[PDB]
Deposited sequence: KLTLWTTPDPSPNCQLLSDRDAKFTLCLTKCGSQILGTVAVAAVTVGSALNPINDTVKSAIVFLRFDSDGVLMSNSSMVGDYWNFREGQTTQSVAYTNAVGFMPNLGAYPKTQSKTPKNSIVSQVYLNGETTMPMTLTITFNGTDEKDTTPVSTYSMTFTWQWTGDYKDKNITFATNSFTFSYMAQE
């Protein structure tokens, strides 16, 4: 259908540092030629370098790699079990076979070895919504086996938070991009 999502309230479904150590929420809503996205992430397994932040790790990356049918590939940060077209508050029960309608346009965002600013959205965001804890979010489109499409979410910060008992978690963030078809 016109929504491809994690469900609105996913179980731990993402690796930042180790298996299913995070809840990654992503809703892609197809508005014809453009996808409207909202994304959030939270570390949930206690004792990782990001839960609480101990300052040994100052980035968190979620890599989504997609084959030529827009199907999530195994070498992605996120598990594909509940990455699917919407049905009510959950996902359709059968894995989708084609989501090229949700893939980032390869004309707008080409696969290249050159750093191309147009491939990315780069914004200042705030760790746990705290304006004293600035962070950068880079969303990059199409940045073995080789992926045909990709969507990468990179959070980076320079602050030291060790012994503030801060869990890595983000505010919801809105973005858009041109769809492949």
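In this chain, the deposited residues that lack C-alpha positions fall in a single range, 144-149.
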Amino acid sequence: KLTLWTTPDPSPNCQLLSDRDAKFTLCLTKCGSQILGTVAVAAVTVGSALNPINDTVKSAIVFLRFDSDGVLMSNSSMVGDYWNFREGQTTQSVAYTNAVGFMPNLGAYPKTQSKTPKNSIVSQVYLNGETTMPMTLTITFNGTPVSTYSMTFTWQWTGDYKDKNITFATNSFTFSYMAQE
From here on, numbers count along this sequence of modelled residues.
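Across the two stretches, 46-54 and 116-124, the PDB entry reports the greater mean Cα temperature factor for 46-54. Mean CA temperature factor is higher for 56-64 when stretches 56-64 and 25-33 are set side by side in the entry. Of the candidates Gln89, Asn105, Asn98, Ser93, the one whose C-alpha carries the top B factor in the deposited record is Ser93. Of the candidates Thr152, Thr136, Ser147, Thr38, the one whose C-alpha carries the top B factor in the deposited record is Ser147.
The deposited CA B-factor of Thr158 belongs to the highest third of values across its chain. In the PDB entry, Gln15 places in the highest third of its chain by CA B-factor.
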